[PDB]
> 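One structure is given below, represented as structure tokens, and several questions about it will come after.
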Amino acid sequence: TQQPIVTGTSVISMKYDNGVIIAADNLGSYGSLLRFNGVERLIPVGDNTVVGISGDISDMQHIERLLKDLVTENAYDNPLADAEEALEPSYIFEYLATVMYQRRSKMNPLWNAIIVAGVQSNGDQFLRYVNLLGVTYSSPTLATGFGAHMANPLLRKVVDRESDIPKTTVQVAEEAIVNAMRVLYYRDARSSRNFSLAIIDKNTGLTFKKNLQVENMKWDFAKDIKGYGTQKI
Amino acid sequence: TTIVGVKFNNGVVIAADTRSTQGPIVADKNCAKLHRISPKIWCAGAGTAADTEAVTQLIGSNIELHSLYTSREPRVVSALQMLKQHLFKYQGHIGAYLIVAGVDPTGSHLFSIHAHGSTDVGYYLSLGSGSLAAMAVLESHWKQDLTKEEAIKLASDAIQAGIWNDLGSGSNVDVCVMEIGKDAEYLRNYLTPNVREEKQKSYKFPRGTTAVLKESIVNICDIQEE
Amino acid sequence: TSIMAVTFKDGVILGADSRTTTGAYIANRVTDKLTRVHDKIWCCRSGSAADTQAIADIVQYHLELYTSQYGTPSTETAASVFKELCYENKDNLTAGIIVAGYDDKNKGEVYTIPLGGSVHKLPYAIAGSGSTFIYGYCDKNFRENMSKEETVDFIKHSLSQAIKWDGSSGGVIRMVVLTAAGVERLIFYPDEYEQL
Amino acid sequence: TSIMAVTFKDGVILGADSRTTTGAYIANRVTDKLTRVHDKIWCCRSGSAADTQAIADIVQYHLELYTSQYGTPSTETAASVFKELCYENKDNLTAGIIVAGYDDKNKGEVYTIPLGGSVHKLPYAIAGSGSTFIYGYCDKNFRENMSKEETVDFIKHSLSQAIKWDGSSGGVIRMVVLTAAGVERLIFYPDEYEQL
Amino acid sequence: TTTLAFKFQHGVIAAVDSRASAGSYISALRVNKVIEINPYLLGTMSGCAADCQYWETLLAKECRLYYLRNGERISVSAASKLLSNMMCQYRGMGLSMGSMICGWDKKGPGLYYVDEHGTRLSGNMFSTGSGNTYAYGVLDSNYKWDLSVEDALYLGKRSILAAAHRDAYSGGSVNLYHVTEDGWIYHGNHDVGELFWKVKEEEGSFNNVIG
Amino acid sequence: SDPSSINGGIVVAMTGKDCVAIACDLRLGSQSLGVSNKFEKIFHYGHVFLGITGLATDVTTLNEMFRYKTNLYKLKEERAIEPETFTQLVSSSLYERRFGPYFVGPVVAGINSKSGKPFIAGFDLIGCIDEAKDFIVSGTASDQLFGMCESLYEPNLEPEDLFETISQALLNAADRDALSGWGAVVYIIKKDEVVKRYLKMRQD
Amino acid sequence: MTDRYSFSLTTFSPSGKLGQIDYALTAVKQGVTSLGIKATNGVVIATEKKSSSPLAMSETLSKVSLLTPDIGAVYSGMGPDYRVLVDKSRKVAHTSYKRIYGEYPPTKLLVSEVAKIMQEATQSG
Amino acid sequence: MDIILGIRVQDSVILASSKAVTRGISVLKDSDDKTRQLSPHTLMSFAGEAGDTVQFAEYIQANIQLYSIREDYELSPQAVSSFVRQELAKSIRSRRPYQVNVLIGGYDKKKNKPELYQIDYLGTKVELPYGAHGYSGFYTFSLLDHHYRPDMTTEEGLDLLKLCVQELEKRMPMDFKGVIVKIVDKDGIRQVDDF
Amino acid sequence: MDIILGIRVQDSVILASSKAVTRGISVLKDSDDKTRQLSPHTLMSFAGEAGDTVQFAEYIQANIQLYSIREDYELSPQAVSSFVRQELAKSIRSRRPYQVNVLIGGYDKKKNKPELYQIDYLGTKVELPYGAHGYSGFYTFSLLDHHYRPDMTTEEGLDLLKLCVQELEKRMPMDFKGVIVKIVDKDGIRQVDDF
Amino acid sequence: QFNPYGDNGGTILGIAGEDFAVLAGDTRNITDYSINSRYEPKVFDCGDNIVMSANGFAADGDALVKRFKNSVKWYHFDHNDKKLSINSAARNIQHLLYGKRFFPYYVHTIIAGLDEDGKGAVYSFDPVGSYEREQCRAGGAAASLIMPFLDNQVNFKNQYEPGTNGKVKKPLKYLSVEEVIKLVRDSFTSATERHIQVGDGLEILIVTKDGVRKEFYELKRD
Ligand SMILES: [Mg+2]
Ligand SMILES: [Mg+2]
Ligand SMILES: [Mg+2]
Ligand SMILES: [Mg+2]
Ligand SMILES: [Mg+2]
Ligand SMILES: [Mg+2]
């Protein structure tokens, strides 16, 4: 049993016709102190998988090292390490899920919420969630923390069920994700303007976008708001 | 509960879902959460349902007497001031969280109130367990100089987000539109996107299925003449 | 919350962020924390929003009644009324208020009233959760008898840093200028102050 | 405690106050919080004095054994050893450590290891109870590739403010300069830094 | 829950209710609170159902292994003791168990009460569960050693009914067993709803209840 | 410990075609101990019927309170109170004890004597009104009753068909509740005749 | 200070008359005429707006007053006494009825409440 | 002051109440009468917290005696029980409630019927053919449910009561030092001096 | 399993132990024998937490019987009591102590003397002319302090024991369902079947 | 303090027919007032004509199902590909559950299939492994809403034959698979109306001698 110290907020994601998109901001909070601003919370594994992590950052860095070690280990005595016997998103998730549940079962959890996004060998989209309790679930849209409450409602308007996935393009999906990140920046007190976004497509592969910013913000209406009821000036 | 308020060109609109719950159980599937403080001042309530009803009726009663005393139509700032001072005095023990909206001779107004007595001003607001789902929609689609039609659309879309995504909210959308120089129009069950499908079977029993010990006529009439 | 008031040559300026939070949720991102209790006596509020609104409303009432009987109240008098409410009800209040006002005789004055209900007259004051991160910056950069433009820059830069580090602070930077010339409201948006 | 490490053109400089407290009593007013784990790899300690001394001693042992086998360790390697101890024993430790070192290949580097045992490589780092009051000042005044004299002034001014506001910080300002030229110790007394 | 067991001339009667509750919610109307350890041994069940099921099912393992080794059937005393010693292993750990081990061996009919504390009591009559006080009243006032098998079966049945009526957490149905030297004999499942009205009319009892 | 489940019991009400039904069990207990099988939970003031579940002392107190108030109402108004008006009176009376409430779940049932419209309503312990068109449930087996009513109910049932529906809703709900049962009563209410029926059920 | 008049100012005279009530009725007699007529589908109440001065805006003085949405009142006698009775009548319609039963009082019962207030000013100290 | 039983037979009500009073680990008294005569044909037994029991009982007694003198009339058992219930319902929401459970055994001279009312400290009233408080019912009700008839004589009621006490004496862990038994009928209240 | 008394007279040791066993609010048994024979001339009675009492007693019994067979010799009462004390002193600092109080009544055949040892669950041993555990001593010791002589016969010891039980039955709140009495002398251990 | 347990909601229902069995469950997964997934399968085909669902805390549920599926695989390895009978599976699950008696799988488990005589079978487990063969069993959030309805409509409780007035019970006639599915759908539709954690979808697994078949139905998404 512990408590999280340095923490990362929401990770958000969704499926689209040819793949998956995942995003997360670049902040490492120390309680209410916005302590670290250059924290990368999306960690690619090969060219087919991106693991997005929220919660305790020290545990995130530990998981990051496990995934790095996993790639090294898979390449050992493996002539097809960059082909048929490369790591799949499903392999990476199942491993993490095993670790997460084992750690909670020893009453010493990795204090995180994780989303594994990727594309399988056969072209199938992969998107699944796991957290500190070992709880797992899949959905056309997935989000952690605040994102679950604010991003999912917006992303579900685009892909409401399985049959909406083939009708959703990468442009529409990315647009929805970017808008959700803006909404989280308006409303989550532990968020930042700077974020990373990753697209894993079955045709164009892994596109990793760094140093993105929330833009097109509405603040002008604030000038007219005065007092808390009766004040006119 | 999901409740919202949205300002527009010539007035203000409020909206709410219709699900009331006790724990995980749905007590009423078509609850009325849009309460009338005065003809053109309406409010929607989240939190303890009895408190939102009671505090609205009390201030509404005193607002009516105030209107008669002053020979003036009631103002939203008066309802706001009376609500907040009542709620502050009870130090959050009256669990009323309200969005108050209306039109009066001063213009159109939109406020929120918390149970401890703090108030806020805004062009768009949301309260309740589904407020985060609703606010996500409002933050995505709100703009300055909305028309009446656009505001009703935005408000009901925000409630829908709560209905579908928040387990504490559900069933129908109620709306009330308050426009300057017009009667307030209360639109009960403005949307009905959750009608139950027909059941597979009829469960009407044959007569005489239940075992009975005794029968008797109950005298509901008063003592009779002669 | 990040709030401050700064005296300068022509009077005083109040400054504030616009973020109110319930835990980590931003319940209002465009809050007005600069509240008017009299024509040229304003205050910055921090702590319980319910408490500081209730206090400010009572003070506004007291100063309105004072004015009807005895004419325009001094800033010291306004601070005294705030203090009386905060001190006597210290067990049941969570309020940190900065009082700022302009007289013609006294010019710009600033009084801070922390949690206990004590009063402290100062050349400038900072308060709220975000103030902790700018004690160093403000102490190094404050000068007495600054110009209006200098004081606006000082408050803009100060609250910018408070917002940058404090998660409970954010949104727009609101300001109210109190001088002989009158009352001026200023607003500064994120795209402006974040690049400072 | 107020501690910081700042990279500059010729390398890195570590800075610290000298106050250790037991509650409100100053148990030591001339503490040395700048601790050597290798020739040109030093650290600033904050948190439990017992824990950070125990950790630093173990690290010094590890780097001494590393050196005997593999030659001079990198600053990154030293930070990794600190992290391993802090992360794996997070339940039983209260330690906030900044690691600073000079390589010829990598030049000046700074790593901060907060309570949880995470690692963060930074151009400069601040930590300890007094650091809260200088987040604004340090963010506004830090530049990359400063001179030795500029970096000394930056740390002196920064820790001066931290000491001024934080009761748990005080005494003398100690500094250690890490460059190609060698290791230089500096000390600055209250009469010097209080008048800044 | 209400369970009882008593010794008499031609063996031992075992009677139990069949209700299970989760707070006020009745989760089961028909749980089996007698375990057929083997053809010559029965065990009642009160407390934690899982603890009773697991440890007495395991007791049967031990009793079977005993017979294979020694070439002779295990006594009721020995069987009850093996069970009580398993409990003492997990003493203070939270096990919840209260049951009557019923059987017929060389010393005749035998009946032992065993609980989670390790307690092991030999006796002529026992009752456990939330409705045991009601069953004891009927048992104590009508019990003789000189009872016939027919009357003894009815006594145990009537005693559970008394508990099922008054105790909110007892009811559903009554399960009867009669333990002989040739083994236990099952005497059926009896719905309490139907049994109550039947007993009320025939016996004249429960006058206060309108039927 | 929980005042709303010490004594146990249930009430259910339903609307039909030109009629209403209200029903209750007869149990009163002290937690596990069954104390009385004749504790009726439905009362009437004129043609308005009130069922009350919860803490038995408050059930009795509130009945006496509403008899008191409806008798004064009648003397002053010179007419019997209507279901709609009585519902507001129950709500008002419960809310006046906001911070020291009666631990009850009241249920109103009746037909307006002037309009002929069937009416039912339910309340939480502090006065919040639930005015359902279909059915109202209350007591320690309210979850069970919701399940029964939601599947068994259909609108515009004739009085004798409504009797079967509400009876089966009560009985089967009570048989899945330890603290309910020990008999049951059903009222079938029409504009100018009311029939009361005691049901035969298992007594455990 | 304190109200030290805790005794009745209206008392029975030897002849059984309550003087102050009779004198109050005399004041009513001097007042401007007002009337009421009941029809099958309505009721009408009327009075004269006796303006004290032509410079006075007699529209601002309301002799006919709404008590509830379905109940109205008019008077003859002392105008200020009427005005405060209208204030009390409007309030009592809420406090002793609407806040209890969720509806406005019937005419006869609101009348009864106003009557009670007037009776008490005839006996109280 | 724990065990109190009641049974209503054909023509009388019988109340049985334990004799023990315990202070700490010592039994102070083994002859305590846990009862008060409220009126000539109405008897109330009681059990609950120390002190409150007698204080409440005597307070009720004083009020019924006051009513009797004022009206020159004996209140019916039903009327007395309702008065007592209201006082307890009143008391449960007081600053410090009276922790007292009672049985009221009365003979109604108007209806010529015995009546037994059971009221707990919350003000929970029920009219019963037989009743008890606390755990007393747990041991005795199965016997009463079996043997009780409404046409029982006083002598048969006493015999059934003896069986109930014997079962209590067998299966209760506490020694309650026997019971005092009193009969309420048309002729008034009398004590059975050998039980 | 709460009352155990012992008395050492001229030529024997007498142990008296209650017969009741209670589970919850119900007395399960009224004939329980709270004693184990450790050797032909040594008897141990016990009282404490449920389960632990019998388990500890039987464990001690097994060990003394093992010693008896190994050496073909009966340990003196003093030696047995010391063994028992050490086991309890050992147990009190264990993970889960055995909550058991004992009386050891033995006749030493070498010295031709009866001996009574009182040992509580902490391992507190004392040799006494008469002893008890729990609250038993609070009621009985004033009688024993008054009437006891060291030259009492077995019959006089039984009479003094009857007086002690009578005082327990009068002033003690719980019902312990009488006592089983056993005598330990030169001829061994026997039970008094009428008491 | 770290709480190793959680509540993922969900409601399951097992009914045994004469020569068939059904195990049904809703597809909604939740924490608190949020929906994690509208379609997260909860009832699983474990091989050997056995279907299983472990409802409650989903992490423990997935772990138990995974371990039981594993136990079926090793039963084949160790005992010459012998078919694991439903009674043998039930006893095996008890030991899996009781193995964690002092740190339980926080789930209510139900399995369904056919017994060795080809008759429909359902077994029901508590979190620590007490079990029993049953005809009808609802589990999870809305279990209390569903079971009383099943008592009435499957077992005909409190239903008597018209004209006799309580003297003759309604006879317990056997139900077809089509009849059972109707009662399952109406159970979940009614539960969806009154329980906030029930909705989105209903997945039913039907077991006969021919094998395992699946049926899916939409439920209200509010
Ligand atoms: Mg330490
Ligand atoms: Mg200092
Ligand atoms: Mg064993
Ligand atoms: Mg029962
Ligand atoms: Mg001792
Ligand atoms: Mg919803």
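Lettering of chains follows the sequences in order, A, B, ..., and the numbering in each one begins at 1. Computation of the quantities below employed the complete heavy-atom set of this structure, encompassing side-chain atoms and omitting hydrogens, waters and symmetry-equivalent molecules.
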> Give a yes or no on this: more than 12 heavy atoms of other residues, nucleotides or ligands lie within 6.0 Å of atom CD of F:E40.
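Yes, CD of F:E40 has more than 12 neighbouring heavy atoms, counting only those of other groups under 6.0 Å.
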> For F:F43, is the CZ atom crowded, meaning more than 12 foreign heavy atoms sit under 6.0 Å from it?
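Result for CZ/F:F43: enclosed.
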> Of the non-hydrogen atoms in F:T57 and H:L122, which two are nearest, and what is the gap between them?
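That would be OG1-O, 2.7 Å.
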> Is it true that atom CD of H:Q191 has more than 12 heavy atoms of other residues, nucleotides or ligands lying nearer than 6.0 Å?
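Yes.
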> Tell me whether the count of non-hydrogen atoms from other residues, nucleotides or ligands lying under 6.0 Å of OH in F:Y73 goes above 12.
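Above 12, so yes.
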> Calculate, to the nearest 0.5 Å, the distance between atoms OG1 and CD1 belonging to H:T124 and F:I6 respectively.
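Atom-to-atom, H:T124:OG1 and F:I6:CD1 are 8.5 Å apart.
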> Going by heavy atoms in the side chains, are H:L128 and F:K38 under 4.5 Å from each other?
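No, side chains not in contact.
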> Within a radius of less than 6.0 Å around NZ of F:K196, do more than 12 heavy atoms belonging to other residues, nucleotides or ligands occur?
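Yes.
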> Apply the side chain to side chain donor-acceptor pair (under 3.5 Å) test between F:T61 and each candidate in H:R93, H:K90, H:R85; give the one that qualifies.
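With F:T61 as partner, side chain to side chain donor-acceptor pair (under 3.5 Å) holds for just one option, H:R85.
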> Which region of F:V59, side chain (C-beta onward) or backbone (N, CA, C, O), has a non-hydrogen atom less than 4.5 Å from a non-hydrogen atom of chain H, or is it both or neither?
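It is neither, since no heavy atom gets under 4.5 Å.
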> Take a 6.0 Å sphere around OH of F:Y68 and say whether it holds more than 12 heavy atoms from other residues, nucleotides or ligands.
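Counting other residues, nucleotides and ligands, OH of F:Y68 stays at 12 neighbours or fewer.
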> Around H:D2, counting heavy atoms of other residues, nucleotides and ligands shown, do more than 12 lie under 6.0 Å from its CG?
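Not more than 12 within 6.0 Å, no.
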> Counting only non-hydrogen atoms closer than 4.5 Å, does H:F141 touch chain F with its backbone (N, CA, C, O), its side chain (CB onward), both, or neither?
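For H:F141, the side chain is the part near chain F, not the backbone.
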> Can you tell me how far apart OG (F:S30) and CZ (H:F138) are? Round to the nearest 0.5 Å.
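Spacing of OG (F:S30) from CZ (H:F138) equals 8.0 Å.
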> If I measure from the heavy atoms of chain F, does H:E127 come under 4.5 Å with its side chain, its backbone, both, or neither?
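For H:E127, neither part sits under 4.5 Å from chain F.
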> Less than 4.5 Å apart, side chain to side chain, heavy atoms only: is that true for H:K125 and F:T60?
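Side chain of H:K125 against side chain of F:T60, heavy atoms only: no contact under 4.5 Å found.
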